[PDB]
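Below, each chain spelled out in residue letters.
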Amino acid sequence: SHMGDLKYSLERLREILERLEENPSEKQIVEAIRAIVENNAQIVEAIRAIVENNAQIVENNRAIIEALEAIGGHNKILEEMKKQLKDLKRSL
Amino acid sequence: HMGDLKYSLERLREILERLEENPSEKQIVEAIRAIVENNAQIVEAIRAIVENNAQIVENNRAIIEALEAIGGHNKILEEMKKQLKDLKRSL
Amino acid sequence: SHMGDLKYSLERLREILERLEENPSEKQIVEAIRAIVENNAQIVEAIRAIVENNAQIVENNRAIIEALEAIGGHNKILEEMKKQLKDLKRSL
Ligand SMILES: [Cl-]
């Protein structure tokens, strides 16, 4: 969506640029500037979506640290049970 | 950056209006200057994103480690069920 | 690579702008516009790589969810083992 719109907006701008070099004009210079502005508006919208989406990076990190915490808990529990078993089997 | 980014383009949209209203060599050049300054902010925003994206790779590494540990715990648990089952059957 | 190219491209554009304000001319205005287009084309390529790269955020999330699922499976097993042992040691 954004990138399809982005590269189309740039190809439209590349067309204006060619006409401009073919046929320089105040009207075409201004029209080229307008197209640049509209393209920059799409670049800003694209960056905005990336930033919004980047919030998932933070929540992935938080869940990883929780997972590591739980894994560390399990490890301590597992070391107890090995001691219990060996002790208790050595028992009998 | 985002607030600065969208403000920078709003400023740019104003110049564009004046440009189409009263074209002028001065205003064309001033519009070009504003575009450059806007592009300089776009590049800075992309730079912060790339820097920030390094966290994606470290999240992946930690995930892989977590999966390794979980697989380790798994093999331990299946042996433990064996000893318990066998020990209870012992008696 | 991308961002190294990005800041060079804007450095090139900043110098054109300097010459433009020093010696305005149709040729230099058009040349400035061309440089802007080429810079925008690089901005778009950089965003494209970021979006491609951001797919890793989704795969990290899926793997975390799996890891959490497994941890919850282990947790229930451990509580079963906890009771087996205690009752089996109280047993005798
Ligand atoms: Cl991530």
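Residues numbered from 1 in each chain as written, not as in the entry; some residues may be left out. Chains lettered and ligands numbered in written order. Heavy atoms only, no water. Residues with missing side-chain atoms left out of burial classes, pairs and counts.

The deposited coordinates derive from X-ray crystallography, with the record listing a resolution of 2.3000 Å.

Can you lay out the overall build of chain B for me, pointing to particular residues and giving the numbers?
Looking only at helices and strands, one finds two helices and zero strands in chain B. Against the 2.2 N^0.38 benchmark of 12 Å for 91 residues, chain B shows a C-alpha radius of gyration of 31 Å, more extended than a compact globule. On the principal axes, the C-alpha backbone points of chain B span a range of 100 × 15 × 15 Å. (Helix = DSSP H or I, 4+ residues; strand = E, 2+ residues; numbered from the N terminus. Rg over C-alpha atoms; globule rule 2.2 N^0.38 Å.)

Give me the overall build of chain A: which residues, what numbers.
On a plain count of helices and strands, chain A comes out with two helices and zero strands. The globule rule puts the C-alpha radius of gyration for 92 residues at 12 Å, and the 30 Å found for chain A is more than 25% above it. Projecting the C-alpha coordinates of chain A onto the three principal axes gives extents of approximately 100 × 15 × 15 Å.

Break down the interface of chain A and chain B for me, with residues and values.
The interface of chain A with chain B comprises 30 residues on the first partner and 35 residues on the second. Of the residues belonging to the side of chain A that touches chain B, the class tally is 19 nonpolar, six polar and five charged. (Contact = heavy atoms within 4.5 Å. Nonpolar A, V, L, I, M, F, W, Y, C, P; charged D, E, K, R; others polar.)

Lay out the relation of the copies chain A and chain C with the relevant residues and their values.
Its rotation angle being 120 degrees, the transformation that places chain A on chain C also includes 0.0 Å of axial translation and leaves an RMSD of 0.2 Å. Considering both components of the superposition, the chain copies are consistent with a three-fold axis. (Least-squares fit on C-alpha atoms.)

Describe the packing of helix 1 (residues 2–21) of chain B against helix 2 (residues 25–90) of chain B, naming the residues involved and giving the relevant values.
Residues and elements named next belong to chain B. Between helix 1 and helix 2, the least distance of the axes is 10 Å, while the angle of their chain directions is 165 degrees. In terms of orientation, helix 1 lies roughly antiparallel with respect to helix 2. Crossing geometry of helix 1 relative to helix 2 is assigned as left-handed. Along its contact with helix 1, which presents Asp4, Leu5, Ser8, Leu9, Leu12, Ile15, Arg18 and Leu19, the element helix 2 presents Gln27, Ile28, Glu30, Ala31, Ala34, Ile35, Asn38, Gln41, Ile42 and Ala45. Broken down by class, the residue content of the contact of helix 1 with helix 2 amounts to eleven nonpolar, four polar and three charged. (Axes fitted to C-alpha atoms, helices over the stretch in contact; angles between N-to-C directions. Parallel < 35°, antiparallel > 145°, perpendicular 65-115°, else oblique. Left-handed = near helix turned anticlockwise from the far one by under 90°.)

Kindly report on the interface of chain A and chain C, identifying the contributing residues and their values.
With 36 residues of chain A at the contact, the number on the chain C side is 30 residues. The set of elements that each furnish at least two residues to the side of chain A that touches chain C consists of helix 1 (2–22) and helix 2 (26–91) of chain A. When residues of the side of chain A that touches chain C are assigned to their parent elements, the largest contribution, 26 residues, is made by helix 2 of chain A. By residue class, the composition of the side of chain A that touches chain C is 25 nonpolar, nine polar and two charged.

Kindly report on the pattern of salt bridges, identifying the contributing residues and their values.
All names here are of chain A. A salt bridge links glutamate 45 to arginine 48, with the nearest nitrogen and oxygen atoms 3.0 Å apart. In this pair, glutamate 45 and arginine 48 are both assigned in helix 2, three residues apart and thus about one turn of the helix distant. Here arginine 48 ties to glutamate 52 by a salt bridge, and the two come within 3.3 Å at their closest N and O atoms. Taken as a pair, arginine 48 and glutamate 52 lie in helix 2 at a separation of four residues, close to a single helical turn. Linked by salt bridges that have partners in common, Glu15, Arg19 and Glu31 make up one network. (Salt bridge = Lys/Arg side-chain N within 4 Å of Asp/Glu carboxyl O.)

An account of the environment of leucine 88 of chain A is needed here, citing residue identities and associated values.
Here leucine 88 of chain A shows up in helix 2. Every residue in contact with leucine 88 of chain A, bar those within four places of it in the chain, is listed here: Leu87 of chain B together with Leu88 and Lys89 of chain C.

Please provide a residue-by-residue account of the packing of helix 2 of chain A against helix 1 of chain B, values included.
Following both chains from N to C, one finds helix 2 of chain A and helix 1 of chain B inclined at 165 degrees, their axes separated by 10 Å at the closest point. Relative to helix 1 of chain B, helix 2 of chain A is oriented roughly antiparallel. Of the two elements, helix 2 of chain A crosses helix 1 of chain B, and the hand of that crossing is left-handed. In this structure, helix 2 of chain A uses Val30, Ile33, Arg34, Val37, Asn40, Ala41, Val44, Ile47, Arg48 and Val51 of chain A to contact helix 1 of chain B, whose residues at the interface are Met2, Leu5, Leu9, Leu12, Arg13, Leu16, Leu19 and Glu20 of chain B. In the contact of helix 2 of chain A with helix 1 of chain B, the residues fall into 13 nonpolar, one polar and four charged.

Pulling in residues and values, what's your account of the environment of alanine 31 of chain B?
Relative to the elements of secondary structure, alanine 31 of chain B occurs in helix 2. C-alpha of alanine 31 of chain B to C-alpha of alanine 45 of chain B: the two residues are 14 residues apart in sequence and 21 Å apart in space. Ignoring sequence-local partners within four residues, the contact set of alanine 31 of chain B consists of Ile33 of chain A together with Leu12, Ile15 and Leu19 of chain B.

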